[PDB]
**Student:** 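Pasting a structure here, questions to come.
Values below: every heavy atom of this structure, side chains too, minus hydrogens, waters and symmetry copies. Below, chains carry the letters A, B, ... as their sequence lines are ordered, and counting in each starts from 1.
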Amino acid sequence: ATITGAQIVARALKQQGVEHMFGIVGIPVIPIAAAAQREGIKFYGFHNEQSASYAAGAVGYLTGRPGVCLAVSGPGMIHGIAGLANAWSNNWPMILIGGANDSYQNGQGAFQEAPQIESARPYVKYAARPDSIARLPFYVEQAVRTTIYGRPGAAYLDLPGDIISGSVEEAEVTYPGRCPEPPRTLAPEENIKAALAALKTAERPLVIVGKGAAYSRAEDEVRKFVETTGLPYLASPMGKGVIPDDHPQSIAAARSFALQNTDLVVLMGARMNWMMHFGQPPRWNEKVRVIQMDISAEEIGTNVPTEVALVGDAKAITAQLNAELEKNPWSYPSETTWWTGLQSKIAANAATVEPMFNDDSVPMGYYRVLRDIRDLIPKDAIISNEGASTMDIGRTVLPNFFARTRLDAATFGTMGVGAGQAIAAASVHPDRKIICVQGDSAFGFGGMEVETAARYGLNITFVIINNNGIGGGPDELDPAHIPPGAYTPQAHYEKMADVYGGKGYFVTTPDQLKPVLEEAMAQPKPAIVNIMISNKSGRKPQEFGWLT
Amino acid sequence: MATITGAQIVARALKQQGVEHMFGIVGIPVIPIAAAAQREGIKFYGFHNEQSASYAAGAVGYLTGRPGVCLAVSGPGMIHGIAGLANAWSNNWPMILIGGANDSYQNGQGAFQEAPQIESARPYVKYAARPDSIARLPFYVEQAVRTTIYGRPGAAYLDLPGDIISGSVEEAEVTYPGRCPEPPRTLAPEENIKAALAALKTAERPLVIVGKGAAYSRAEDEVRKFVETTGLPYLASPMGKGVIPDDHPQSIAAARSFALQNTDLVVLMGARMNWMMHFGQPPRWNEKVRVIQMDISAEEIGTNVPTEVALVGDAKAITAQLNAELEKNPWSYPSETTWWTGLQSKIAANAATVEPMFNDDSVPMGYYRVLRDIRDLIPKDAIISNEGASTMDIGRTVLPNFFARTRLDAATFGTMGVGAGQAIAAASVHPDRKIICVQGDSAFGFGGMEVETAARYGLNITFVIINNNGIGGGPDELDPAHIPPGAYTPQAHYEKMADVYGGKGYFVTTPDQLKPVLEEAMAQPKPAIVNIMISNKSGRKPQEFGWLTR
Amino acid sequence: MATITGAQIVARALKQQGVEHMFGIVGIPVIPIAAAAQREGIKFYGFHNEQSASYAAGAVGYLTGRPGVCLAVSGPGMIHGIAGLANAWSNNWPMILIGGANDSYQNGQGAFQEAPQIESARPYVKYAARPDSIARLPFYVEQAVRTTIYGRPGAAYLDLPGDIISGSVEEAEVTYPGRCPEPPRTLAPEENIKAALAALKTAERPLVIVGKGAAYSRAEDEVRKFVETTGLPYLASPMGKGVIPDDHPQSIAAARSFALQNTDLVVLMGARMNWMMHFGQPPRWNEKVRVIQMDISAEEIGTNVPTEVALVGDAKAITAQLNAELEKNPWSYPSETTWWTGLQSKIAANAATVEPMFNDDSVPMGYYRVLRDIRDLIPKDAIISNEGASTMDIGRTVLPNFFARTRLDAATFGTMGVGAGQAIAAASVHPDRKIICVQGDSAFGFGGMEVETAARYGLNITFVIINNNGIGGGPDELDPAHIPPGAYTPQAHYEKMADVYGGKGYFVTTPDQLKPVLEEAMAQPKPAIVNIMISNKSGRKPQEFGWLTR
Ligand SMILES: Nc1ncnc2c1ncn2[C@@H]1O[C@H](COP(=O)(O)OP(=O)(O)O)[C@@H](O)[C@H]1O
Ligand SMILES: Nc1ncnc2c1ncn2[C@@H]1O[C@H](COP(=O)(O)OP(=O)(O)O)[C@@H](O)[C@H]1O
Ligand SMILES: Nc1ncnc2c1ncn2[C@@H]1O[C@H](COP(=O)(O)OP(=O)(O)O)[C@@H](O)[C@H]1O
Ligand SMILES: Cc1ncc(C[n+]2csc(CCOP(=O)(O)OP(=O)(O)O)c2C)c(N)n1
Ligand SMILES: Cc1ncc(C[n+]2csc(CCOP(=O)(O)OP(=O)(O)O)c2C)c(N)n1
Ligand SMILES: Cc1ncc(C[n+]2csc(CCOP(=O)(O)OP(=O)(O)O)c2C)c(N)n1
Ligand SMILES: [Ca+2]
Ligand SMILES: [Ca+2]
Ligand SMILES: [Ca+2]
C-alpha cells in the first residue's frame, strides 16, 4: 500500500492540530488541498495569496496553533511572503507551504523556479525543503513546534513538485505525535517580589495590557491582578478585551496624560516599540520605571531600561503575582491625586467627543457613523477594523468585552489584512458574528475576498467608511491632476455584493445608519455597507500625533 | 563643549557593558577602535589571522557568560571573522564581531573593501546592525551585548563605516545606557518539576547526561548535588566534563555505548539530541527511550525524539527546583541494581582493554602512552585546549576535568582552527591558571602562527602536538607523484616555530623523553612547543559503533 | 551494468571541463572526492587552512581563464573558503568552491556540521546550487564552470551532501556534457570604435590605463600594438603591470599623480574607476575629464564619472578593432608636446628622489635598498607574489614585470592572506618558472604555515619577508602592559619555519648579506625563507596625495 507526499503532509498537518488552510491551488499544490479536505482540514480558496497569507497569521493569534497558507511555486509563494512578515512583526504562529518546481529540473529554468527559501528567510523562524517523501512528517512537526514554542513566529516549507506527487510505502513513514502545548515558563521568585515591592513605592503606577497577554490566554489572571491591586490600566489596540473595555479602572480616555506622567509601568505582554512611543520623552517621563513581562528575553530593556524583568509566559507569571499578593496583600488607594488627575482627563475628553457622537451633519463624521455601528455589534462578536482614521477612531469607539475579539493592522500597520482576518475569525468562530469595518482604501486591498466569504457561507458583514481616498479625497476629480491618494468620488463598492448575489447598501444620511446596519447584519449572505463621510472629519485633537 | 570620536564612544560603551578583552587585527578603518579600547583599559590582542581571533572571542563567551569581542577590518577582515560567528552560532555562545566598513558616502563607488557584510553575517547571528549615527553608538552596543546573552545565547555583528569611526560629535549629545545585567534565571512550572522526578522513579535504567549548557549556566554545584542526592548514573558530554569531577564514582563514561543503548529514561541537562548524542535514535538508543529535557531554548524541546517532561529555563535554577523538590519528597536510585551491575561490568571491561595501551613503550609511540604522561603531569586545575580527530577524541576520554568549563575542543561544529585561539581565550580569562594545548599535527597547522601571539602577550600556554604525519596519519616518506591528500611532510619539526619568538621547542620520539621534556616545557617562561611523534597505525579503543552516526 | 559513485562522477566531470588543479583540505564528507580527483589525473594540494586554499583557487582563475577549484568539508571548512569566494567576487575571477554538506536525510536533526552554506556563499557568487541527485552531477558541474567564465567572470559554489558523494548509480544513466568552450570574444559597434579614436584626436593630454581586465583577456599583444601605434602615454594598474613591459619608454608610471590630475581624456582598458583609480573624481582627477571605457561588463560603464565612448566587450577583440581601424585611418600622438615634456619632467624628478634610497647602506635597512637587490636578482620571467602594505606598494613600483599576468598582489579587495596561496597557484600553473613571494612580516603571518605546503609539493617558490616588527612597523622592545595593536615580537625569526620541512632559513640585517643570501636561497631545492629586517621608520616616496582617497 502506497501513499503520496501530498497525503503524507495533509495527514501530518491534521495530526499536528492544523484545522484551517487558506490559499490558492495550482501547479504543483493541487493534490495537497485535495488531501487536506479528505483529512478534515477546511480549505478556503482565496482570490489572492496575499490575503490568504494574512488570514493564516490571524488564525495563529486566535488559536495558539499555526494557520497554514498554501501557495503555488514562484509568484504564488512570493505573494504569501506578506503573511510571513506580518506574522513575524506580531510574533504570530503561521506556516506558509509553498510549492516548488520538480527537484530534477533545478538549474534548467523550470516552471516558476525561484529561490523561495532565501525569500522567506528574513521573516521565518524556520525554513526547510524536505529532503525526501518519507521524512515529510518530521518537517511538519518541527515546523509546527517552532512556530508555537518560544517566541511564536512564522515558518516556511518548500515542497518540490516531485515530493508532492511521488509515492512511498506507508510502512516507510513514521508520524510523530501531536506537538503538545509548550510549558508556561515562570519568572524567578526574587523578581516577583521585587515587582510588587516597586509597585508599593510608585506614586503614579500604571498597567499596560498588550496582545501578548491575549495570546497567552491570560485574561483571567490579568483581570484578577488589576482588580486585586486596584491599579489603573491601559489596553493596547489589540490588547483591549482582555479586561472588558467598560471596566472602571480603564484610563483609555486619558492615554496621553497617563503615559506622560506615570512613574512605574507594568508591560503585560506589550512592547516598548513604536506603538508605545519607545517609552521615551516627550510621550513618557525621562525617569519612568519599567516592570516588563514578556516571553522573549531579548525584548527586555529595549529603548528604555527595565528595572524588574519578568521573562516567561504571561499567564504563568501573572499567576505568580496573584499568589504572592495572596500571601502579602496590597492594593493601590482609590483616592489619590493620580486618580483625580486621571478621572479629570477622562471627563474632559468625554465631553469633547460627546457632541461628535450626536453631530448629524451631512456628509457625516467618523464619530456619528461609528456610534450606530457600536450600538449594533453583539458583545461576543469579532471586530476586524482596518484603515487609518477608520481604524484609529474605531479603536476608541468600538469596545471589546472578551480577549482576542479585535483584529486590526497590528504592529506592522498593514493594509490588506481586513477581509482575510475576518475570514480567519469566521473559520475559528463559526457561531459568532464577524463585523469587518474598513476604510475605503483598506477595502480595495482585498475587496475581491467578499466573494470568498460568501462562497463559504461565513457570517461576515462588511462595512466601508468612505471619504473618497487615503485619508480623504475630493468630491470631484480633475482628470489632469488626480491626487495620488484619491479614488473615484462616491465609488459604489457595495455593488460588489451583486457579484455573489448579496445585498449592498449605500449610506449618506444619519437616518439610514441604524436600519441599514441592522438589516445588513441579518442577511444570510455577506452584505456590504458603503458609508460616505466628509473628507474633513477627523479624530479627537491631541497634543501629540501617534507617529513619534 | 568637548567632542568625542565614534571610536572613543564605542570603546567607552564596550567598557561599560563589561567588555575586558578584544581580539583581532587592526587596519583601515578600525585602527582608532583598538587604540581607544586600550585607552579605556580593554586588553587588545593582535592575532595573525582574524579566523583564529574570531574563534577566541566565542570561547570567551562560553567561559564568562559575557560576549567576547572580535575586531576586524572591512571586507576580507570581517569575512575571515565569519568563521567565529558560525562557531558561536553552532554552540550558542555569546560573541560580537565588530567589522569595519568603507565610508558611507563612498557606497556604490567601488570603495576600498566595499562588501555586503551585514548579509554575510546574517545566517549565523541573532543581531546584525549598522549604527545609523555616531550619537546612537551606545544604543547599538548595549543592544548587541544584551542580545548575545539574553535568551538562547548567540552571536552578533556591528557594521561600522569608517566615517562613523573617525567622525566626532559633542559629548553632551551622547547617552550611555547602563551596564546590561545578567538575564533572569528562568524557572520551570512546579508541575513539570514533580512530573520529571515522578518519571525518574518509574525508570529501571535511568541515565543523566550533563552537557555544556549546564556548564555555561554555572550550574555545577546544583548539578553535582542533584546527581549525588539521586544517586543516578551520569554521562558527561565532551565539554560537559568537569561540571561533575570526572573521577566521580557515579560516572559511566567508560560504558558510554552500553548506557545509551539500554537506558529507558534519560535526563538531558543542557545537552542536545544532535549528532553528538546520535539524534537519540536507534541503533545507538532504544526506540522507546523516554526523555526529560532541560534546555533554555523551548524550540529545542522534542527535536528528533519526543520529550516526556519538558524543563524549559535556566539549568541552575531548574536544577535547584529539582533539588528543592527532592528535599521535600526524598528519593534516590538504589546502589544495588542490575543496571549498576551491567554498567560496572562494562566499565571494568573497557578499563582492562586500554590498561596495557597506557604502558606500551613501543616506538613509534601510541596515543594512550603519550596521553598518559600528559594526564599525570597536568596541574589539576589546568585548562585544556584539545583539538584534532583521534588526538581530541582519545584525549577526551584520557584527560580528565575536575572543574566546570576547563575543556575547550572542536565542540558542536567540529571545527579545526580553534585550538590556539581558545587557549589564548582561556589564558586571557584565567591568568592565574596553566593552559595546556593538545593538538594533532593537522589541527596545529590551521592556526600555528598564533603561538607567537601567545608568547607576545606572555600567556601561560604550553603547546603539545601529537604528530602522525597527517590527517589521521601519513606515511614515513612521500611519493612526489602520489602524495595522499591528508598527508604532510614526514617528521615535520613544528617545534622549531618556538624559535620564532625565542621559546624552546622539543622533538620527542621515545617514551623515556616524555616526562622530563613535558616537565621542563611546562615550566618555561615562554610558550614551549612539544612535537611528539606517534605511529600512523595508532588508534582509539575499538568500538561496536563509530562516532559518526549515518 | 557497472556503478559509479557521486565522487567519481564529480571528479570525471571536473576533468572533462578542463580542471587540472584542486586545492583544499579533506575530511568528512569530501574524502572520496579528492581521492577520485587524483585517480582522474587532477593534482590535489592539501593546504593547512581552507582560507589560503580558496585564495589559491581564485588566482588560478585569473592566470588561466578557467575556474580554480577549492574543496572544503562541511560547515566550518566551507565557511573558511568564503574568503576566497569574496576575493574572486571583488576581482571578477573564475573559481568554484566545492563544499561538502551533511547527509540530506539528516537535515533538521542537528547533523554533523549542518549549516546554511548556500546562503552563506550567496552574496559573493554568480551561481550557487545543491545538486538534486547523483545522476545530474555533470549538469551542475558544467553549469557552474560555464557561469564562472561566461560574461563577467566570477565565483560559484557547489553544495554536495554526503549521501550524494558516497551514493552510487549505474553508469548508463549518467550523461556527461561536452567540455565548456571558451566564450565568444564580443565586439563593440564599429561606430563606437570610430568615436573612440576620433575622441583621442581631440585630446591635448590623453592617457591610456592598462588594467588586469586586459591581462585576463590575454590581450597583451593587441594592447602593446595599440599603444605603440598611437604613441600614447600609458599607465599600468598594479596587476596591469606586464601587459606592456614595465621598461617600455611610453610608461608614465613614475609620474602617476601628475598624469591623472592633468589628463583630459583617458582610455580605460580593462580597469575600473574604483578606489584604485580614486573614483575618477577630483582632486586626483580633473573634474572635466573625458573617459573612453573598455569593459566586458556593461553595468560597469559610467560608474562614478560619465563615459563619453563606451566599448563594451572583450578587451582583446575590441583592441583588435581599434588596431584594425587605425590601419585603415592612420593616426598617432606626436612625440613632441608639452604633455610629454611635463610627464618626462615629473618622471626625472621622482627618479632623482628615490635614486639615493636604492643605494643607502644604513642599518636597519630601508625598503628601496632591500628591493633593489630583489629586483636585480629575480629571473626576468619570474612570477611575483607581492603582499603587505608598504612592502607591496613600494614593491609595486620597484619590481618590474615584463610579461602579462606575472604579478599577484592583494588586488581589488586589498586582502591580507593571499600571498602564499597565490604563489602556490602560480607554481601549479607555471611549473617551469621561478616564483618569488615578497611579503611583509604581518602578511606572512596570515598564511605562514603554507610554506610547508609549497615544500611538500616541490614547488619552486622562494619566500622573502620584509620585517619591520609589525603592521607598518613595531618597536624594538615590547612593553608588556602597552603592546601596540599592530606590533609583533621584535626580531621574529620567521626563517626558522624553513626548518619545519628541512629547508634553509636566512636572517638578514646588513646590506652585505643581501646578494649572497638571495642567490643561495633562490637556488635551494626546498623553498627557502629569507627574513630581512628593515627599519620601522622606512617608508615610500613622499606624495602629495595618499593612496586612500577619502
Ligand atoms: N505566551 C506569552 N507570554 C508572554 N509574552 C508573550 C507571549 N507570547 C508573546 N509574548 C510577547 O508579547 C509581546 C507583544 O508585544 P506587542 O505585539 O507590541 O503588544 P501590543 O502591540 O499589543 O502592544 C511580544 O514582545 C512577545 O514577545
Ligand atoms: N543558561 C542556560 N540554561 C539552560 N540551558 C542552556 C543555557 N544556555 C544554553 N543552554 C542550552 O544548552 C544546550 C547545549 O547543547 P549542546 O551544545 O549540544 O551541549 P553538548 O554539546 O555538551 O551536548 C543548548 O541547546 C542551549 O539551548
Ligand atoms: N575578457 C574581458 N574583456 C574585457 N574586460 C574584461 C574581461 N574580463 C574582465 N573584464 C573587466 O575588467 C575590469 C577589471 O577592473 P579592475 O579589476 O579594477 O582592474 P585593475 O584593478 O587592474 O584596475 C572588470 O571591471 C571586468 O569587468
Ligand atoms: C500594505 C500597505 N500599503 C499602504 C499603507 C499605507 N496606508 C495606511 S492607511 C492607508 C489607507 C487609508 O485610507 P482608508 O483605509 O480609506 O482610511 P481613512 O481615510 O478613514 O483614514 C494606507 C494606504 C499601509 N499601511 N500598508
Ligand atoms: C575547518 C575544518 N576543516 C577541516 C576539517 C576536517 N578535519 C577533521 S579532523 C582534521 C584533522 C585530523 O588530523 P590531526 O588533527 O592531526 O589528528 P589525528 O586524528 O591525526 O590525531 C581535519 C582536517 C574540520 N573539521 N574543520
Ligand atoms: C584580511 C585582512 N586583514 C587585515 C588587513 C589590514 N592590513 C592591511 S596591510 C596589513 C599588514 C601590513 O604589514 P606588513 O604586511 O608587515 O607590511 P609593511 O607595511 O609593514 O611593510 C594589514 C593587517 C587586510 N588588508 N586584510
Ligand atoms: Ca478613506
Ligand atoms: Ca594527525
Ligand atoms: Ca610590517
Side-chain angles (χ1 to χ4, degrees), chain A residues 5 9 12 16 73 95 100-110 113-147 149 155-164 166 168 172-174 176 179, chain C residues 6 13 29 74 96 101-111 114-148 150 156-167 169 173-175 177 180:
Chain A
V9 60
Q16 290 303 315
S73 42
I95 297 183
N101 60 275
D102 294 334
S103 59
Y104 55 86
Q105 289 181 339
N106 284 3
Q108 300 196 292
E113 180 180 5
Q116 300 168 200
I117 290 284
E118 304 172 63
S119 300
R121 179 63 71 188
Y123 305 109
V124 298
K125 299 177 56 182
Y126 177 91
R129 164 182 280 241
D131 63 288
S132 58
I133 298 176
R135 292 197 65 216
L136 282 165
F138 180 94
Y139 293 94
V140 173
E141 193 278 337
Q142 186 172 53
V144 167
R145 174 161 40 84
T146 310
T147 53
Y149 282 26
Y156 170 64
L157 284 171
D158 191 67
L159 296 191
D162 51 320
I163 262 66
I164 299 173
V168 297
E172 299 184 42
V173 190
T174 288
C179 175
Chain C
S74 49
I96 302 180
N102 61 275
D103 288 353
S104 58
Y105 54 87
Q106 289 183 341
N107 282 346
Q109 304 199 284
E114 181 177 358
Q117 301 174 199
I118 290 289
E119 289 164 289
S120 303
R122 179 64 71 188
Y124 304 105
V125 296
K126 302 179 57 182
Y127 176 89
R130 164 181 283 205
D132 64 287
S133 60
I134 298 175
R136 297 192 69 238
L137 281 169
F139 176 92
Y140 289 93
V141 169
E142 191 273 349
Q143 190 172 55
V145 169
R146 179 164 38 85
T147 311
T148 56
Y150 280 32
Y157 170 67
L158 289 175
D159 194 62
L160 300 189
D163 48 323
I164 307 297
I165 299 174
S166 57
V169 298
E173 60 177 309
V174 181
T175 304
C180 177

**Student:** What's the separation between atom CG in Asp131(A) and atom CG in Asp132(C), rounded to the nearest 0.5 Å?
**Tutor:** 13.0 Å
**Student:** Taking all heavy atoms of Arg135(A) and all of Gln106(C), pick out the closest pair and write down the distance.
**Tutor:**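 The pair with the smallest heavy-atom distance is NH1-N, 3.8 Å.
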**Student:** Between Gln142(A) (side chain) and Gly108(C) (backbone), is there a donor-acceptor pair under 3.5 Å?
**Tutor:** yes
**Student:** Is there a side-chain contact between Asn107(C) and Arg129(A) in this structure, where contact means two heavy atoms from C-beta onward sitting under 4.5 Å apart?
**Tutor:** no
**Student:** With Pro138(C), which residues qualify under side chain to side chain contact (heavy atoms under 4.5 Å, CB included), at least two apart?
**Tutor:**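 In terms of side chain to side chain contact (heavy atoms under 4.5 Å, CB included), with neighbours along the sequence ignored, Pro138(C) is linked to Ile9(C), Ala13(C), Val174(C), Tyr176(C), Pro177(C).
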**Student:** So what's closer than 4.5 Å to chain A heavy atoms on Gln109(C): side chain, backbone, both or neither?
**Tutor:** both
**Student:** Could you tell me which portion of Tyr139(A) (side chain, backbone, both or neither) has an atom closer than 4.5 angstrom to a non-hydrogen atom of chain C?
**Tutor:**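 Just its side chain gets close to chain C.
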**Student:** Which answer fits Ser104(C), side chain, backbone, both or neither, if we ask what part of it has an atom under 4.5 Å from a heavy atom of chain A?
**Tutor:**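 Contact with chain A is through both the backbone and side chain of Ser104(C).
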**Student:** Given a strict heavy-atom distance threshold of 4.5 Å, which part of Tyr127(C) is in contact with chain A: side chain, backbone, both, or neither?
**Tutor:** neither
